[PDB]
């Protein structure tokens, strides 16, 4: 078929990492408005049919252990997997509370060879990294650099109105448009091999 099979017991997991406060040492300030993002997103993704977990002010070691343990779960009865990262960022790196880890190490755990239960299933990453290569099939990255957040608000609004009738590329194209109309722009890196509808 031309779209991902969605006939599973569940839609799948949605991990939200909400980093607001950072250790003085990192020279990063409070990320005001992120709670509003985190909350809109969890409500939104809950409503699509995801099982949402929300983590807050995580260390670098937590974000790593967190995701690794998620990648070691049994995803057989799930349609897909989503992870949302709201934090500080610089080229190819995301901030924990105590430092900096490469976005690539975070996503690497969900790789065909190390996460057999999610093979041929979409793995979704929405990164909202304010202050500034995992090349494998069925990955998708929605990265935004624009400083709740415009990107996050737009994602949520389009998703709650069209989440069940549009394909992700359509959703995220529309998102790109309105963070663009508010006037930087978000992007989308797709390695997807089918079309993705969150419905049945």
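Numbering follows the first chain given and starts at 1. Definition used throughout: the rigid core is the maximal C-alpha set that superposes within 1.5 Å between two forms.
Where the structures in 5 other deposited structures of this protein are fitted on the rigid core, 138 to 146 is the one of 39 to 47 and 138 to 146 whose C-alphas sit farther from the shown form on average.
Rigid core superposition in 5 other deposited structures of this protein puts the Cα atoms of one stretch, out of 14 to 22 and 174 to 182, farther from the shown form on average, and that stretch is 174 to 182. Across the other PDB entries of this protein whose models span the neighbouring residues, residue 132 goes unmodelled in a third or more. The segment from residue 147 to residue 148 is interrupted, since 10 or more residues of the deposited sequence in that interval carry no coordinates. In this entry, residue 183 is separated from residue 184 by 10 or more residues of the deposited sequence that have no coordinates. Note on 191 to 199 vs 1 to 9: mean CA B-factor is higher in 1 to 9. Averaged over Cα atoms, the B-factor as recorded in the entry is higher for 107 to 115 than for the other of 107 to 115 and 80 to 88. Out of 56, 47, 26, 170, it is 26 whose C-alpha atom has the highest B-factor in the PDB entry. Taking the PDB entry at face value, the top CA B factor among 51, 65, 138, 37 belongs to 65. Looking at the C-alpha B-factors along this chain, the one for residue 97 belongs to the highest third. When the CA B factors of the chain's modelled residues are split into thirds, the value for residue 69 lands in the middle one. Among all modelled residues in this chain, the alpha-carbon of residue 166 has a temperature factor (C-alpha) in the middle third. The entry lists a Cα temperature factor for residue 175 that places it in the lowest third of the chain's modelled residues. Residue 159: CA B factor lies in the middle third for its chain, per the PDB record.
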